[PDB]
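Two forms of a single protein chain come next, each set out by itself as structure tokens; they are called structure 1 and structure 2.
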Structure 1
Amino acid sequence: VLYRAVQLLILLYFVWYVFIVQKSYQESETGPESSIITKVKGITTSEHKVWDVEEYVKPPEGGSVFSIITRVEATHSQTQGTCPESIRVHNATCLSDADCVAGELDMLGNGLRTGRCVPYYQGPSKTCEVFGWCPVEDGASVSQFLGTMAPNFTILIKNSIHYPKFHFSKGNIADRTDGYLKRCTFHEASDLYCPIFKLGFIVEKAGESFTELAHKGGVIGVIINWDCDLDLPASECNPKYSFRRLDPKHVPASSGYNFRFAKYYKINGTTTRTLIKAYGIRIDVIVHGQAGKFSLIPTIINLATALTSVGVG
């Protein structure tokens, strides 16, 4: 019968292509509840100085977002007082006391102007004197590179996801009594459940240079995808790891990532601070997920729609 072959072709076209490829027989949940616990390990050395994780990882609480400091411009022994203003500030440069007016407070400056013209930190120029945190970084900062051994650092990312509808839970570390998580190196295939990543590895998979990113700074995403079919065993629900840079790489106006922080002390009853401008690599751990599980209602509805299409066709 010609109709036999015609309908055999029609059915298979709308069966193997509708209920198989796109899984019309499944209800879905997009976006699981996730916990990210992070921990960085590794120590680096500058000139007669050893840096530990506490110093170069900020914030310290071990969450999804953190910055590993690779370079600092540090200004020591900063106290409230009078000092020459940065030559980089508008109208700062002066030739006589008459060129500076008292009380003026530029937002982009570094204090309140005194009405005097004082010699700059490095001569021979002169610059308007201000009251504020002194000395200013643009005249007393020292640079330290502490990203020399940062490619050898290690980050442990612990993730556990939950799909409330399906009541499904899976983590990225296996229940193993041996010391696997202490002698293991992540491999997307052989060691997918050792979620310990070197920073150099992460920077290689984002397609970036460790040197450029260590001097200007930047942001690298670590993306974990949980695309699981629950009609199958939980052993098939596994994490997929992706590494890409998130911040612009061609923007010349703002090229990189940086932040300032200070350390406050009291020397002889005077509040003193060391200001640090930190360039570093920020690590975003972003978690995506999509679970699918058989449900009778959607299956029946889609079967009815397919039967209607067959009847029309």
Structure 2
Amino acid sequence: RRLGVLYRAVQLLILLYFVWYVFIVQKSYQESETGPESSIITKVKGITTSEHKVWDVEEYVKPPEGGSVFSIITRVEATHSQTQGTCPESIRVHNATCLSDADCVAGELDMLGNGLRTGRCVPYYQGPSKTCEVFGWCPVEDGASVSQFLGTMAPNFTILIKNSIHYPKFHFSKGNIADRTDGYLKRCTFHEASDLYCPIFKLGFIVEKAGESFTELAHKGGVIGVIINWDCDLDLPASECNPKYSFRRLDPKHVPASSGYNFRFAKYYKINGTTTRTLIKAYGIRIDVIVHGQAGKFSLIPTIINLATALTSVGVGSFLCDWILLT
């Protein structure tokens, strides 16, 4: 009687749970593939100015080739006319300060120093201190570097990411630009809803979507990641598989020591037969384009496994009801 009503209510509850959670919500009827094959072609385009200098893309984008990882230099500390010679050590180098020649040890190369110590105390670049003389690339950066801010109009720089994926097991291939001939990429601006196949992003848009302040991320540097997630359901048509662009800062923005991004490169010249160089310490924003994939397609093996599990679970509910009735 009523025992039958409760007995069948348990079965319906178990079947509901399976049909909803296991199948509709979690798609246990589906087999999944992750890690597609991606191709990223980037192209930064924009020009900026300094006190009397004009910087083009060749100057502030390293490396020049358009790939997943590139750095947009927003500030430089250039040390011009560096030659191999003898000069005072940087005041920031461990026990570089000296009062006499006895305080400097000859032939001492510090790995964090700027050269091999000559062994005699020399006046610093700006008085009145005295630092141990070193042989290396001179003058040192910490004594003869001039800072230039490039990124006054870095926010208006535009980056064009060209992505294309492929899912081998499911034979799915797609890109992030629509095959058109209407002059679209020459006048479009990215919008996650209106214009999703115009992957031309301003640097300022990327930074603000990452939650970052451009001045702080430009003076000290930073790393911002442009993440493309192709969470794809292959039972739906190919027009239902779209790229989702997320922006987030990838460097340890909270650790004071490791926050920032910078690197050194030099420009090499022969002046009167002697090799001179211009050491440039570049602070800038590195853009990493990370592509992530998660596909899904209906597979019969998972479906039958879960159906068998549902039947066994309904049987276990049967056993539980009978056991409660007996006791």
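Residues are numbered by position in structure 1's sequence, first residue being 1. Take the two forms, superpose them, and find the largest set of C-alpha atoms that agree within 1.5 Å; that set is the rigid core.
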query: Residue 253: CA movement between structures 1 and 2 [superposed on rigid core, Å]; finding: 2.0
query: Rigid core superposed, the C-alpha shift at residue 213 between structures 1 and 2 in Å; finding: 0.2
query: Per-residue Cα shift, residue 94, between structures 1 and 2 [Å; core superposed]; finding: 1.4
